[PDB]
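*Asks:* First the structure, then my questions, so here it is.
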Amino acid sequence: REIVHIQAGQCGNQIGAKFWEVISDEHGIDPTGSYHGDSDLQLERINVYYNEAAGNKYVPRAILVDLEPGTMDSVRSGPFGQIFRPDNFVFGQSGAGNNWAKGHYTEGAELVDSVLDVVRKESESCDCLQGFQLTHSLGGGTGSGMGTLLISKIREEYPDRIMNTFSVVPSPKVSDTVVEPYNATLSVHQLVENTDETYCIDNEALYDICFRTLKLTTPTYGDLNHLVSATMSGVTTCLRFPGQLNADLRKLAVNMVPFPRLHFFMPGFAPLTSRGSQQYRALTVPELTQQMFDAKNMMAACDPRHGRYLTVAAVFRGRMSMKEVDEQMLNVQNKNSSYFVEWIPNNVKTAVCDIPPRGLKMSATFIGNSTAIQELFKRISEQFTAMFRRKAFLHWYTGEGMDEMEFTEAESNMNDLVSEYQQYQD
Amino acid sequence: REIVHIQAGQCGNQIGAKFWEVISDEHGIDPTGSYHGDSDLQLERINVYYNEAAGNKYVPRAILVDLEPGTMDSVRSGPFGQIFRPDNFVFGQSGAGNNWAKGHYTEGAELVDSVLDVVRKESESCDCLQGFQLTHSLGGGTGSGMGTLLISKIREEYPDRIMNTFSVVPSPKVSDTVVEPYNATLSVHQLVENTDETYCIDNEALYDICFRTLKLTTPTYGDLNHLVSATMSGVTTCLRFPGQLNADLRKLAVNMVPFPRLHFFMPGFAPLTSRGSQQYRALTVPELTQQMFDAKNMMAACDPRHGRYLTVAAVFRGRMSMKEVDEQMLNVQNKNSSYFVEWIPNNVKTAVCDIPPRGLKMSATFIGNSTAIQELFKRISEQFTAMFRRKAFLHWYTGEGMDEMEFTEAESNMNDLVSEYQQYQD
Amino acid sequence: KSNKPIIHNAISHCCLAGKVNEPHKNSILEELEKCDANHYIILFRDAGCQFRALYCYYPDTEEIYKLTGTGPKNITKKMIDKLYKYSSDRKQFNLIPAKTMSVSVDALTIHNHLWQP
Amino acid sequence: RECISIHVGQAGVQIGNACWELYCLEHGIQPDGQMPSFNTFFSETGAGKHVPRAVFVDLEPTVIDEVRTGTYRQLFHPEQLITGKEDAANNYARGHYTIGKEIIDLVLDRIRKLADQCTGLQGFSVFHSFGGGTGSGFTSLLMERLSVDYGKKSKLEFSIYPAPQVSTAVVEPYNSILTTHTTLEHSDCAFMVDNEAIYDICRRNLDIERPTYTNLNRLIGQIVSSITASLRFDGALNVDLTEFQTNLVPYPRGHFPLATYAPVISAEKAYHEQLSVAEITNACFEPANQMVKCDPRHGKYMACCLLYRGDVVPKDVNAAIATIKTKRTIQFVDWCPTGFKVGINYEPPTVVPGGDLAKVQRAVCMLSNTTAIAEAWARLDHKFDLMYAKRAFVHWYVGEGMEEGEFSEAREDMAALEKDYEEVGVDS
Amino acid sequence: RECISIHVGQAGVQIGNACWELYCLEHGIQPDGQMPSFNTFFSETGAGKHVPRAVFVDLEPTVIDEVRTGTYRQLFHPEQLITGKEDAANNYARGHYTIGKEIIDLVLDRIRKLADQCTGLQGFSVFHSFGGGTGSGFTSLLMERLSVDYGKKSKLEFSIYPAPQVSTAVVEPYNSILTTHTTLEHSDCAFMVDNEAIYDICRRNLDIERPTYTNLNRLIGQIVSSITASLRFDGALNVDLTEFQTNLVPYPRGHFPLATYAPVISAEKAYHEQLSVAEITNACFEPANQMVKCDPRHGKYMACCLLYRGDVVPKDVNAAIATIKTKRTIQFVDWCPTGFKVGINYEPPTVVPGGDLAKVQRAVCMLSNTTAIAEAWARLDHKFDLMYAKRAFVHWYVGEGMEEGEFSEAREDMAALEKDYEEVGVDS
Ligand SMILES: CC(=O)O[C@H]1C(=O)[C@@]2(C)[C@H]([C@H](OC(=O)c3ccccc3)[C@]3(O)C[C@H](OC(=O)[C@H](O)[C@@H](NC(=O)c4ccccc4)c4ccccc4)C(C)=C1C3(C)C)[C@]1(OC(C)=O)CO[C@@H]1C[C@@H]2O
Ligand SMILES: Nc1nc2c(ncn2[C@@H]2O[C@H](COP(=O)(O)OP(=O)(O)OP(=O)(O)O)[C@@H](O)[C@H]2O)c(=O)[nH]1
Ligand SMILES: Nc1nc2c(ncn2[C@@H]2O[C@H](COP(=O)(O)OP(=O)(O)OP(=O)(O)O)[C@@H](O)[C@H]2O)c(=O)[nH]1
Ligand SMILES: Nc1nc2c(ncn2[C@@H]2O[C@H](COP(=O)(O)OP(=O)(O)O)[C@@H](O)[C@H]2O)c(=O)[nH]1
Ligand SMILES: Nc1nc2c(ncn2[C@@H]2O[C@H](COP(=O)(O)OP(=O)(O)O)[C@@H](O)[C@H]2O)c(=O)[nH]1
Ligand SMILES: [Mg+2]
Ligand SMILES: [Mg+2]
């Protein structure tokens, strides 16, 4: 039951650097790979994430993908690059320059054969795999460009494993290149085909969470990804740590996904409070579900009070009673059943883990599936239809060897994806 | 059960100088010949390699052959020439100048009668012989020129002993003279006829091993031969040191050679790792067979994934369990049986020695027999057919007394040798 | 449900992988597309996993019929000895206990006297 | 004179983690196996140590890792500790067919070892759920094989029914439709356990505002200890399980009894307490103490079996029978005139040091066959028909190779289940 | 009342390095020869010291140097330490003809010294392999000469059969074809030992994940100590080996018995253990406890001889015979109706301080003649026919002067060997 976290791009290598920061800190491990914790919970489930070498050294089972050394040079020269083996440090020169057609079709394919060879050298060393993990951005030329080539080849190899990625929804406020909606539409044309599920993560929504709810001044990319790693490790460790409702992600993939192309999730983090209300707030189960239902605590810029919930996952952490969980889960269904689909009475999956987090006595993680996900999908498509007509910077990708009717098919798949939500919205 | 290591040429005298460096260091012996080790393993098997003189002085049973003093002058003036008796220092003046016809036919025969007289003076002093060891290059004029005259006469004298040499495969990158493929073809015309077996050693393949796998900057000839002496002493000491599978080389000569003219081996060294992954790698039996199957760790520039394995020898060193050895040996046969011959189910010979090496807890040595050996044989012959037409520098060997139809017979023997691999490949 | 991508994951990696086996498999991958069956079974001689032939067995009364390779035409359920499957992480063939043969079984082996010398 | 407890899934093992501790409470049994005097749930070794007759089934190692690393592991054997490696993914088709097929070759091989060790096997009991992946799929896999192998043994199930309001997975009605027809086909007796009614018992009759699955299994297995371990123990009227299968199930397909128990006294409720025989049976007639969210007032009683503990006088029971006939709101059927079976054990019921139940002099278990059970099946069918209309989640079993025509086939079998209560309910 | 153990090759000496240590465990024997009370494997000197009756044969000095420089060398005599100087090069022809001819003149001369020292010689046993050079060639050389000299003595071999999947040399099928016809010609009883089935015993019934040849010979010779040393030791039913040669071999060429042993208990398995007489014999019927990779289910049993140790009650054996006749999956032949020979020794089995076996009260050895042995010979013949078709390695014996026509001649003798199991297997 082991998970490989293949990290791609300048974003996802920076995002997952905050992730394995938490994982080493969750188990109390020295930055050189030496275990110094005192729990059998921190001792038994090492196999899922870490490869134990000789001398109590733990090799993190995570792969760093980029066409530039620059992102990985800072992580290696900084802390927690010492626990990484140099076999995780696979790159080329030069980069694609946030280009999808260079990372997927012309130049980025040359490194993937070296990358997937390390995947085969890792998976043969693995005892039992449960699913492969990825993280990039939708506007990532090396993150999503090489990544859609990866997931297409791994699903060819491994049909039975959980194929998920953690892709970043492009913000209209955050603009780097103009061909970013080109990169997002060509990704979703393959990410629906090749992945089993993914999350919806928008930095612009995370900009509101830092200031409106947590009262923070300067959100940096590490501070944003510190909240994301609380949600990344908040889900997958419940597969690892024991509990009364042990929620496998493959159990979660059955319960949350009604149609195999409808696999887009709305993550949420429940114990969000600033340090001023630290002396003001009591930590109860109705308190967190109040903030789980809060639209301001959502990691994607959507209105769930406008959309309707397909499925809801309630990931819980801590020593909780089953009565307080089930009654509070019912009362939200008693209150806001109009935001649910009609043909299912229980649209909320409960997931209680007995193992409490560190520091917090209780913590929880929201995962939702609403019909308001197509709202951000309209933000990509309407920006796409303006760009597709005037063909601005298209000669860059045209010299790479791309076709315009291929782009319309990706647009039609985006047109299909919105209409699939329309069939189950009302 | 004693072994004479007759070393010939500027190459093999430099190669075997690194070898007996290891042998004195393996037994913990002063450079003047005085034993200072503390093991009966280092005390009982002295007879195989060393001749004990009066006063605990060990005479190395090895013969240094050259037509120039210059190679032996550095070893004598340097360390470990002091343990050598002056009777080992047999030479003439001047040299052949990398010439086969001068070392085999005209001038080199005058010293061999003095050299083989010392062989008779050594073999009468021996108690029990097991085989005679040699080392030269295929492009060695004094190494292989005098050496083919040696093995032709010792097989006349002692047909019952193991007649092997350690010949260096000429590299297309390493060019000294243009008549080097002339010297290699005329050698193999007699080396198949006169020797019992040999290895395939290419320095160009060793250039990849030092840099890609060991991450070394400037591979010198001593640095190359330090790796070769780990493979030279890795094989023959298992005849000497005890174990559960004590593998005689004459037992190995039966098990590895199906056709008497097909006696060419692919050596490999298993514990190859740099000092950066020294803190990162666990030393297990599946770890080494992973690197035994690795084509990058082969001492000859051949593709074993292109060829097909005739026979495989697995020389092992260390305190290993018989279960982990046999099951790992089976799984490689379960994996890549398409690279095997059809009519033999067990193409892998196991050889476990109980005596561990110094420093390493586990070490191993790969010996393969593939059909890709003819690939480098095509590299000589295609260079030979170009050189044979235009007769470039042929008047040098023509004045020595050589005939062109004799060269065609060596070419026909080279043409037969490739076709014998073609009969058993498919 | 179908075995055809799993069989295509098998022989392209485990059995028919090889430069000499590349002209052999090119007659086989085209043959799998012509076949209407979803459940594909590979023939083996011994436990050494040597690619003998490929069959089109289905748990219903659809035929055992030899699709491509050397082997007998009809194989009865008495003739089977051991049942095989594939591990994508191992890229080898694992043993199955005796049971009702169906889609999750990937290959088999048969009796030694049924082979001719 | 022996039987074996079976625990399949995450639900049933967490039941059996408490129940074998309850069985150690029956004689004050040490964690190594040392006990002075009883071989019905146990097998005695030469060192005077006893091992349970327990079957522990989960395809996830995590619950198995909880058992092997806790207390009483010296009692347990690796033959009892059967674990899997890959999850069933909360699926029936993976529990019954896909994942469970590689383990059932070992699991059936382990039982034939233990059944060979038994001398006079009475039967077995299986603890699982209706809507799970392991406890619904592999239970349907196992009970199919045990009915073929051992036809003349007791086939008991004490199964957990998910609430119509409280369900931890959406596929719990999607699993239990295929499970139930296979369950009704093979089982000799099957109970239903609704934890929502158990939540009502804890918050009011015990005043426990924070229960977990640990405290639920304390109260459940205490009833089961009065059901299982007590009927072998001798009293004024010693009745075994083999006489229940005739006297409580006269039907071909009628073996779904409602298990009730209502001496339920908190630690503070014991100070204001004096309960006779008839007073407890009045509390057993309460809808709050039925252990299943149902209304017994609108259901027709086929049978009423009574299990007693401790301070029991049979002359006072005869007054309590006339008391029940005085307080009739029961709608008892006419196919049997007055069949009210009584089981009496002299031994007092046990109380866990660490639980919230007080010490009582007597305990009364009541079994009943009522026609209000199908209303819980009516809640199940309406959820499944909405899922069958939209065809949601259907690719998880067609991807396993299941047929959509088999799905409505089991619905007609679920319809044939509700026809059975209709034939009893209409006719009299 | 004496016999001599013979160890030929690297295989049999490493067995005998453990077995004579096991024989020191039989009486707590000191390394010099001092022991209080037994002269069957020993000869007593005037100083009260005992020397083994052991024959140590290897043409390589290295294994001999291991023996003469280790412990118990005060027991050993240089008459027993027979060494060579030149290897047999893993060859049958060099062991039988070329190299072995210079040593056999001394080796036969040493045996006639020791046989003169014996008073009432019962016979001997030879430990070797089938596919080796010394243990196949020189064994064929030695057993040819011992059958000429001593015709009326016991001729035992406990030989190691290489696995069809695991073989340390490619010439191991190439040697064993010529060996087996000469082996069948001279031997009175010959066993086969497949270490791959021994590997399955260590990893599961002992849970040893790292065994070596030392730990294998601990388990093998412990069975042999119950076979060899125990039958002279007195019990409730004292039976020698001379009655086994009639009652287990009624055939001219049938003397290949399957030696099985299944009390196999690890150090932790003893804490949960109670094995009766019939329970061990059920474990002896397991395919995992056969010591040879074979299937006893599809083989026809000619005989079933039983050797017992320790806590044995003969009345319970008669119930165990009816237990075996109840559990019949054996396919027992009709040429003998119910011939089931039992040997009973009162003395408990021994346990090595330093091994991984636990202390048991009783040990059961079982001998059987089955028809599944030829399937292991079918693996040998198909490998040899591929080598005979391609004519690989044939120059190593034509260089020794052997005939290619003799090679297919022994194949027809190997074919005539498989005819012998066909004549028993078809007819009834
Ligand atoms: C005195 C004290 O208890 O301080 C807290 C604290 O006050 C607050 C501010 C914490 C703190 O978190 C942050 O300030 C923060 C900032 C940006 C993004 C994410 C977090 C805390 O860092 C977080 C930290 O949480 C943990 O340690 C969890 O185990 C968490 N791990 C990490 O966040 C972590 C930190 C450093 C290195 C590696 C991991 C976790 C959560 C989910 C899954 C796994 C691990 C705790 C208790 C505290 C501090 C220190 C202030 C909060 O976060 C968590 C995860 O508890 C922010 O919302 C809560 C509210 C808490 O009151
Ligand atoms: N009363 C009680 N109910 C439990 C317990 N554990 C689980 N359940 C119930 O079991 C149901 C969920 O079933 P699961 O245990 O997740 O499924 P499973 O049968 O074990 O099989 P998998 O899904 O394959 O793991 C719900 O109705 C829970 O209320 C427990 O300890 N006590
Ligand atoms: N169980 C066991 N098998 C052994 C042991 N030593 C060797 N073998 C087996 O013996 C076979 C190899 O035979 P060798 O010992 O090399 O050959 P030999 O008969 O001694 O004769 P030579 O080849 O001339 O040295 C293999 O099947 C090994 O598994 C041992 O101590 N225990
Ligand atoms: N949260 C977060 N977003 C980032 C980070 N770096 C880049 N991004 C976002 O990722 C997108 C650009 O894609 P990126 O993956 O970095 O480019 P690539 O290197 O070609 O894969 C933009 O939406 C950026 O805002 C980071 O460290 N954190
Ligand atoms: N590895 C290695 N190769 C050498 C060395 N000296 C020469 N060679 C190789 O040997 C070949 C030349 O033959 P050489 O034996 O030196 O000539 P000779 O003195 O006439 O026998 C070329 O392929 C050289 O690369 C040495 O010290 N080490
Ligand atoms: Mg479960
Ligand atoms: Mg030997």
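Letters for chains follow the order of the structure tokens (A, B, ...), residue numbers begin at 1 for each chain, and ligand numbers begin at 1 in the order shown.
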Mind listing as a compact mmCIF listing (two decimals) with N, CA and C atoms, in the first residue's frame which residues of chain B are within 8 Å of chain E, counting only C-alpha atoms?

*Replies:*
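Full text of part09.txt as output:
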# COMPACT_ATOMS: atom_id res chain seq x y z
N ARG B 1 47.90 -27.39 -6.10
CA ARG B 1 46.91 -26.54 -6.73
C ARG B 1 47.46 -25.12 -6.86
N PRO B 242 37.79 -21.37 1.39
CA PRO B 242 36.70 -22.35 1.52
C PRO B 242 35.33 -21.71 1.35
N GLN B 244 30.74 -23.01 0.78
CA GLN B 244 29.75 -24.05 0.59
C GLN B 244 29.69 -24.53 -0.85
N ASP B 248 35.84 -24.64 -8.38
CA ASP B 248 37.08 -24.77 -9.12
C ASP B 248 36.92 -24.12 -10.49
N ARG B 250 38.45 -25.25 -13.07
CA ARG B 250 38.30 -26.38 -13.98
C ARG B 250 36.90 -26.96 -13.89
N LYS B 251 36.26 -26.88 -12.72
CA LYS B 251 34.82 -27.08 -12.66
C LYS B 251 34.08 -26.00 -13.42
N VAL B 254 34.29 -26.55 -17.23
CA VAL B 254 33.34 -27.53 -17.75
C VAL B 254 31.96 -26.91 -17.87
N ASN B 255 31.51 -26.20 -16.84
CA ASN B 255 30.14 -25.71 -16.77
C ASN B 255 29.86 -24.52 -17.67
N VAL B 257 31.59 -23.83 -20.76
CA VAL B 257 32.07 -24.00 -22.13
C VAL B 257 31.31 -25.17 -22.75
N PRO B 258 30.32 -24.91 -23.61
CA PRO B 258 29.64 -26.03 -24.29
C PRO B 258 30.35 -26.51 -25.54
N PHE B 259 31.09 -25.65 -26.23
CA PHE B 259 31.80 -26.02 -27.43
C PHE B 259 33.25 -25.61 -27.19
N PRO B 260 34.22 -26.48 -27.49
CA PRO B 260 35.61 -26.25 -27.05
C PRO B 260 36.28 -25.03 -27.67
N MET B 320 26.38 -15.49 3.15
CA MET B 320 25.08 -15.42 2.50
C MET B 320 24.28 -16.68 2.79
N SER B 321 22.96 -16.53 2.84
CA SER B 321 22.09 -17.67 3.02
C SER B 321 21.81 -18.33 1.67
N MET B 322 21.63 -19.65 1.70
CA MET B 322 21.43 -20.38 0.46
C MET B 322 20.03 -20.13 -0.12
N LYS B 323 19.08 -19.77 0.73
CA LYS B 323 17.72 -19.47 0.28
C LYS B 323 17.68 -18.18 -0.53
N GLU B 324 18.32 -17.13 -0.03
CA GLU B 324 18.29 -15.84 -0.71
C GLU B 324 19.07 -15.88 -2.01
N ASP B 326 19.43 -18.73 -4.01
CA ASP B 326 18.77 -19.57 -5.00
C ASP B 326 17.48 -18.95 -5.51
N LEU B 330 16.68 -17.59 -9.32
CA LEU B 330 15.54 -18.09 -10.07
C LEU B 330 14.73 -16.95 -10.68
N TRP B 343 17.81 -24.69 -25.06
CA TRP B 343 17.97 -26.09 -24.72
C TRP B 343 18.56 -26.33 -23.34
N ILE B 344 18.81 -25.29 -22.55
CA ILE B 344 19.27 -25.44 -21.17
C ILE B 344 18.33 -24.64 -20.28
N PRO B 345 17.70 -25.26 -19.28
CA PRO B 345 16.83 -24.49 -18.38
C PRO B 345 17.59 -23.68 -17.34
N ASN B 346 18.71 -24.17 -16.83
CA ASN B 346 19.49 -23.45 -15.82
C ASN B 346 20.78 -23.00 -16.49
N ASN B 347 20.77 -21.79 -17.04
CA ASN B 347 21.94 -21.20 -17.66
C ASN B 347 22.79 -20.40 -16.70
N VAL B 348 22.50 -20.45 -15.40
CA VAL B 348 23.23 -19.69 -14.40
C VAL B 348 23.86 -20.65 -13.41
N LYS B 349 25.18 -20.62 -13.31
CA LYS B 349 25.92 -21.38 -12.31
C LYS B 349 26.11 -20.51 -11.07
N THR B 350 25.75 -21.05 -9.92
CA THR B 350 25.96 -20.37 -8.65
C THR B 350 27.30 -20.76 -8.05
N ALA B 351 27.94 -19.80 -7.39
CA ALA B 351 29.25 -20.02 -6.78
C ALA B 351 29.33 -19.13 -5.53

*Asks:* Quick check: residues of chain C within 8 Å of chain D, only C-alpha atoms, returned as a ChimeraX atom specification.

*Replies:* /C:1,97,104

*Asks:* Mind checking which residues fall within 8 Å of residue 52 of chain C, counting only C-alpha atoms, ignoring those fewer than 6 positions away in the same chain, and posting them as a PyMOL selection string?

*Replies:* chain C and resi 42-45+69-71

*Asks:* Find the nearest atom pair between each residue of chain A and chain C for residues within 9 Å, count only C-alpha atoms, give distances in Å to one decimal, sort rows by chain and ascending number, and present the table as JSON lines.

*Replies:*
{"residue": "A:120", "atom": "CA", "partner": "C:89", "partner_atom": "CA", "distance": 8.0}
{"residue": "A:123", "atom": "CA", "partner": "C:89", "partner_atom": "CA", "distance": 6.1}
{"residue": "A:124", "atom": "CA", "partner": "C:89", "partner_atom": "CA", "distance": 5.9}
{"residue": "A:126", "atom": "CA", "partner": "C:89", "partner_atom": "CA", "distance": 8.3}
{"residue": "A:127", "atom": "CA", "partner": "C:89", "partner_atom": "CA", "distance": 8.9}
{"residue": "A:128", "atom": "CA", "partner": "C:89", "partner_atom": "CA", "distance": 8.5}
{"residue": "A:129", "atom": "CA", "partner": "C:89", "partner_atom": "CA", "distance": 8.3}
{"residue": "A:156", "atom": "CA", "partner": "C:9", "partner_atom": "CA", "distance": 7.6}
{"residue": "A:157", "atom": "CA", "partner": "C:9", "partner_atom": "CA", "distance": 6.7}
{"residue": "A:158", "atom": "CA", "partner": "C:88", "partner_atom": "CA", "distance": 6.4}
{"residue": "A:159", "atom": "CA", "partner": "C:6", "partner_atom": "CA", "distance": 8.7}

*Asks:* Just C-alpha atoms for this one: save the residues we selected as a compact mmCIF listing (two decimals), in the first residue's frame.

*Replies:*
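That gives us out-v7.txt:
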# COMPACT_ATOMS: atom_id res chain seq x y z
CA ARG A 120 10.25 1.19 -12.85
CA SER A 123 8.17 0.20 -8.37
CA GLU A 124 10.19 -3.02 -8.53
CA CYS A 126 8.19 -1.43 -3.79
CA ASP A 127 6.45 -4.28 -1.98
CA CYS A 128 2.84 -3.25 -2.66
CA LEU A 129 1.64 -0.15 -4.50
CA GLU A 156 -0.94 2.08 -19.90
CA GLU A 157 1.34 0.20 -17.51
CA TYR A 158 -0.65 0.27 -14.25
CA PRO A 159 -4.42 0.29 -14.82

*Asks:* Contacts between chain A and chain B, please, where a residue of chain B counts if it comes within 10 Å (with only C-alpha atoms); show its shortest atom pair and distance in Å to one decimal, rows by chain and ascending number, as a Markdown table.

*Replies:*
| residue | atom | partner | partner_atom | distance |
| --- | --- | --- | --- | --- |
| B:276 | CA | A:86 | CA | 8.8 |
| B:277 | CA | A:85 | CA | 7.7 |
| B:278 | CA | A:54 | CA | 9.3 |
| B:279 | CA | A:54 | CA | 7.4 |
| B:280 | CA | A:53 | CA | 6.2 |
| B:281 | CA | A:53 | CA | 6.2 |
| B:282 | CA | A:54 | CA | 5.1 |
| B:283 | CA | A:54 | CA | 8.0 |
| B:286 | CA | A:125 | CA | 9.7 |
| B:287 | CA | A:125 | CA | 9.7 |
| B:290 | CA | A:121 | CA | 9.9 |

*Asks:* What are the closest atom pairs, with distances in Å to one decimal, for each residue of chain D lying within 9 Å of chain E, using only C-alpha atoms, rows by chain and rising residue number, as a tab-separated table?

*Replies:*
residue	atom	partner	partner_atom	distance
D:44	CA	E:274	CA	8.7
D:45	CA	E:274	CA	5.7
D:46	CA	E:274	CA	6.0
D:47	CA	E:271	CA	8.4
D:49	CA	E:272	CA	8.4
D:51	CA	E:272	CA	8.3
D:77	CA	E:272	CA	7.6

*Asks:* Could you superimpose chain B onto chain A using all C-alpha atoms, paired one by one in order, and tell me the resulting RMSD in Å?

*Replies:*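 Across the paired C-alpha atoms, the RMSD reaches 0.1 Å.
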
*Asks:* Residues up to 6 Å from ligand 6, counting only C-alpha atoms and all ligand atoms: could you list those as a ChimeraX atom specification?

*Replies:* /D:9-10,58,134

*Asks:* Expressed in Å to a single decimal, how great is the separation between atom CA of residue 205 of chain E and atom CA of residue 220 of chain E?

*Replies:*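 Atom-to-atom, atom CA of residue 205 of chain E to atom CA of residue 220 of chain E, that is 14.4 Å.
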
*Asks:* From a DSSP calculation on the backbone, collect every residue of segment 3-88 of chain A in helix (DSSP H, G or I) and output the set as a PyMOL selection string.

*Replies:* chain A and resi 9-26+41-44+46-49+70-77+86-88

*Asks:* Show which residues sit within 6 Å of segment 310-319 of chain D, as a short mmCIF file (atom, residue, chain, number, x, y, z; two decimals) with N, CA and C atoms, in the first residue's frame. Count only C-alpha atoms, and ignore same-chain residues fewer than 5 positions away.

*Replies:*
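Result file follows (result_19.cif):
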data_model
loop_
_atom_site.label_atom_id
_atom_site.label_comp_id
_atom_site.auth_asym_id
_atom_site.auth_seq_id
_atom_site.Cartn_x
_atom_site.Cartn_y
_atom_site.Cartn_z
N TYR D 346 -29.43 -19.78 35.49
CA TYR D 346 -29.35 -19.41 36.90
C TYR D 346 -28.25 -18.39 37.14
N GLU D 347 -27.26 -18.35 36.27
CA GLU D 347 -26.07 -17.55 36.53
C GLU D 347 -26.37 -16.07 36.31
N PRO D 348 -25.86 -15.18 37.16
CA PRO D 348 -26.13 -13.76 36.98
C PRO D 348 -25.36 -13.20 35.80
N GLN D 361 -29.16 -8.08 39.10
CA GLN D 361 -29.39 -9.45 39.56
C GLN D 361 -29.96 -10.35 38.48
N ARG D 362 -30.47 -9.77 37.39
CA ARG D 362 -31.16 -10.55 36.37
C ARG D 362 -31.11 -9.80 35.05
#

*Asks:* Would you please work out which residue, of C:53, C:32, C:114, C:107, is nearest to residue 4 of chain C when using only C-alpha atoms?

*Replies:* C:32

*Asks:* Please check which protein, DNA or RNA residues sit within 6 Å of ligand 5, counting only C-alpha atoms and all ligand atoms, and write them as a list in words.

*Replies:*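 So, counting only C-alpha atoms and all ligand atoms, the residues near ligand 5 are residues 9, 10, 11, 14, 15, 97, 98, 136, 137, 139, 140, 141, 142, 143, 170, 174, 203, 221 and 224 of chain B.
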
*Asks:* Based on the backbone DSSP call, show me all residues of segment 71-209 of chain A assigned strand (DSSP E), as a count of residues only.

*Replies:* 24
